[PDB]
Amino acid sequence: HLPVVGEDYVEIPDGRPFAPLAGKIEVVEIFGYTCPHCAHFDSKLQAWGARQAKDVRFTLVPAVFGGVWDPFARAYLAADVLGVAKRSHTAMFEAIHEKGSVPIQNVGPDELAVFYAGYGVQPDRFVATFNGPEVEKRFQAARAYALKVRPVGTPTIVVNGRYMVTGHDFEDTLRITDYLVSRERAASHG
């Protein structure tokens, strides 16, 4: 069936995209590294991302959900600022969920710096970035976006800051996203 509001997605009141659209259809995944669903979804999601037309802006937004989520949100953002998020993303999920080489509980900048040291990031630079203003800015933006979006858990797909997918499984999630992306695209033609 075609996705139905309240079953397959919900509309975010006064929703605003994570970044200005500028002709684009924004598809955000709110994820956490600590989330095993996110870990499991990522390969399917990345493949989907690579399949999209150029008018799709696919953006990861880490879940700033408090507790254990926050260090990893900050980890992601620091990695991204440092240009090593994309190359380390799967590895970070694997480190947490498969290898157990990065702990969820009480993880800090020194476990994280060691991790990113593997991607050519100087540990002092990792720490400076992790503790720094650019990351804090992005962290607040991610937090604000989660407050606006109001996801229940992760992964959560959000189209144009307006439609939050509520899929039953990864494939359904992507199918509903496809529907919403196509619908935004059609809406752009008038």
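Just count from 1 along the sequence shown to find any residue number.
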Do the C-alpha atoms of 142-150 or of 51-59 have the higher average B factor in the entry? 51-59
Residue stretch of maximal mean CA temperature factor, 60-68 vs 26-34: 60-68
Cα B factor band for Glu136 (lowest, middle or highest third within the chain): lowest
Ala95: CA B-factor among chain residues, third -> middle
Split the chain's modelled residues into thirds by Cα B-factor; is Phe170 in the lowest, middle or highest one? highest
Give the position of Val102 by CA B-factor within its chain, expressed as the lowest, middle or highest third. middle
How does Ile12 rank on Cα B-factor within its chain, lowest, middle or highest third? middle
